[PDB]
Each structure stands twice: as structure tokens, then as C-alpha cells.
Amino acid sequence: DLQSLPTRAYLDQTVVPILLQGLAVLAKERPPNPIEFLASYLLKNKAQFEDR
Amino acid sequence: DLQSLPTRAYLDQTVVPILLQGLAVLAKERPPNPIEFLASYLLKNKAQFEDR
Amino acid sequence: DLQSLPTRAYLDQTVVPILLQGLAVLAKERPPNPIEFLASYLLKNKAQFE
Amino acid sequence: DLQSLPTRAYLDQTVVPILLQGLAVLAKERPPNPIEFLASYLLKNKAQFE
Amino acid sequence: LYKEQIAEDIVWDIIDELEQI
């Protein structure tokens, strides 16, 4: 159950993998609006890491 | 300028602060759609960390 | 314009990013003169954050 | 001793009090070079916080 | 980073505390 996991395990399971992937792309591409880019990256790739 | 920075410095300056803030909120609230939540968090708070 | 921003946004856009890194390094290294160390860290890394 | 303290206690007992004051002054004055100003503030006031 | 999360906490507290002075 997710709500009872420790913070680190909770984050590691839910958002860390897609975030690391996203940060790697951000650093490579260095777009003009990095925060916006990272938010869009998350929504564009979220289906890879979860099935709703 | 920004495009010449090493990866670590680039990320530390552009997205790491708002991300850490967002991860803390995520970890406390544990919403049903964490990746979506984090993307929304970034867009809702980006104005704090940059001037668009 | 930075000068008219609210306090939080003003700080977030000027010193928070380098401060977060500086505090992390300070916490890791625990040097003998932490205030001196932190100020030195700001001056040494300023070019990467402004 | 300080070296064994957890991160939050260590920072609270070394740099947080002077940082709180430095950030307050920075926010009020909004100087042209905020990172430089903050580092100078630390060095100028550290005697009163050590 | 993890102490970055705690430096995060700290900076946020400070600023929020300045919100009330």
C-alpha cells in the first residue's frame, strides 16, 4: 500500500524514474523554458510508467 | 550562458529547487495520480522560480 | 522586474538555488567554520547561478 | 558535538540564525548583486552569531 | 539529493516565516 510507504520508497516507486529520465533529456536539450519542458515531459511520458 | 553550464549546475539553477519543493508536497499529500500532480505542481508554481 | 516581486519569489529567483546547494555541501562536509564556509561557497559558485 | 547531529539540528545550530536575518535584510533592500550581498552579510555579521 | 530535501525544508520555513515577519 502506497500511502503507508516511507517517503523515499514512495517517491522512488512513483516519480523518481520518470523524473530522472526527464532531467536527462532536459540537460541534453537545454530548452528555453526548462520548468515547462519538464512538466510537459512528465505528462507526455507518464503512460510509460503508470497505467492510470 | 546557461547552455554552457555543466549538467549539475544547469539543473541546480533551473529545476532542482522547484522540484524538491514539489516532491516534499507530493510526499506529504500522496495524491492518486502522483506524476500528474507533480507536473501540475511545476506549472502552478513556476512563476515563483522564474519570470516567464 | 525583480525589484517589485513578492518576498518569496524574489528570494527564489536570486539566492535560493545556490543556497540549497551550499547548505547541502555544508551539511555533508561539516567544516570547522560553517558561516565562513557558506559565505565562501556563495562567492566561489556565484558565477554559476547569476 | 556538532559533527554527530542530524542535518536539521546541525544547520539550525550553525547557519540558520544568521541566514534568517541575512535573508530578511536582502528581501528589504533588494540590492543589485544579491548573492554577493548575502555572502558579505554573513562575513560582516558572523562575529555576532558565533 | 536528500539533505537537499532538508535544505529545502529549511529555506522554505525561513521564507514563510518572513511572510509573517
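Atoms considered below: every heavy atom in the structure, side chains included; atoms not considered: hydrogens, waters and symmetry mates. Every chain is numbered from 1 and lettered A, B, ... according to where its sequence line falls, protein lines coming before strand lines.
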Task: By side chain to side chain donor-acceptor pair (under 3.5 Å) - contacts of D:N45 (at least two apart) - done: none
TODO: Kindly write out the residues that satisfy salt bridge (charged side-chain N to carboxylate O under 4.0 Å, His left out) with E:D16, not counting sequence neighbours, or none if the list is empty.
DONE: none
Task: Shared hydrophobic cluster for D:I18 and E:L18 (ILVMFWY, side-chain gaps under 4.5 Å) - done: yes
Open item on the list: If hydrophobic clusters are built from ILVMFWY residues whose side chains come within less than 4.5 Å, do C:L43 and D:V25 share one?
Closed with: no
- [ ] Supply the atom-to-atom distance E:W12 CH2 to B:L20 CG, rounded to the nearest 0.5 angstrom.
- [x] 14.5 Å
Open item on the list: Is there a side-chain contact between D:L42 and D:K46 in this structure, where contact means two heavy atoms from C-beta onward sitting under 4.5 Å apart?
Closed with: no
Task: Test item: D:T14 and C:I35 side chains (from C-beta on) under 4.5 Å apart, heavy atoms - done: no
Task: Minimal non-hydrogen separation, B:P34 against A:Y10, with atom names - done: CB-OH, 3.8 Å
Task: Reported CZ-to-CD distance for the pair B:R8 and C:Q48, which is rounded to 0.5 angstrom - done: 10.5 Å
Open item on the list: Please enumerate all residues that pass side chain to side chain contact (heavy atoms under 4.5 Å, CB included) together with C:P17, with sequence neighbours excluded.
Closed with: B:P17, C:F49
TODO: Find out whether D:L38 and C:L19 are in side-chain contact, i.e. whether some heavy atom of one side chain is under 4.5 Å from a heavy atom of the other.
DONE: yes
Open item on the list: Between B:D51 and C:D1, is the side chain to side chain contact (heavy atoms under 4.5 Å, CB included) condition met? List the steps.
Closed with: CA-CA 8 Å; B:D51 38 32; C:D1 190 36; over 6 Å; no
Task: By side chain to side chain donor-acceptor pair (under 3.5 Å) - contacts of B:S4 (at least two apart) - done: none
Open item on the list: For E:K3 versus C:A24, what's the shortest heavy-atom pair and its separation?
Closed with: CD-O, 3.4 Å
- [ ] Quick one: pull up CD in E:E19 and CD1 in E:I14 and give me the separation to the nearest 0.5 Å.
- [x] 14.0 Å
Open item on the list: Enumerate the side-chain hydrogen bond (donor to acceptor under 3.5 Å, both in side chains) contacts for residues 26-44 of chain A, please, sequence neighbours excluded, ordered by first and then second residue.
Closed with: A:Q21-A:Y41
Task: Heavy-atom check, side chain of B:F37 versus side chain of A:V15, under 4.5 Å - done: no
Open item on the list: Holding to side chain to side chain contact (heavy atoms under 4.5 Å, CB included), I want the full list of residues that pass it with D:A9, two or more places apart in sequence or in another chain.
Closed with: D:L5, D:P6, D:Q13
Task: Shortest non-hydrogen contact from E:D9 toward E:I6 - done: OD2-CA, 3.3 Å
TODO: Taking the side chain as every heavy atom from C-beta outward, state whether A:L23 and B:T7 have any pair of such atoms under 4.5 Å apart.
DONE: no
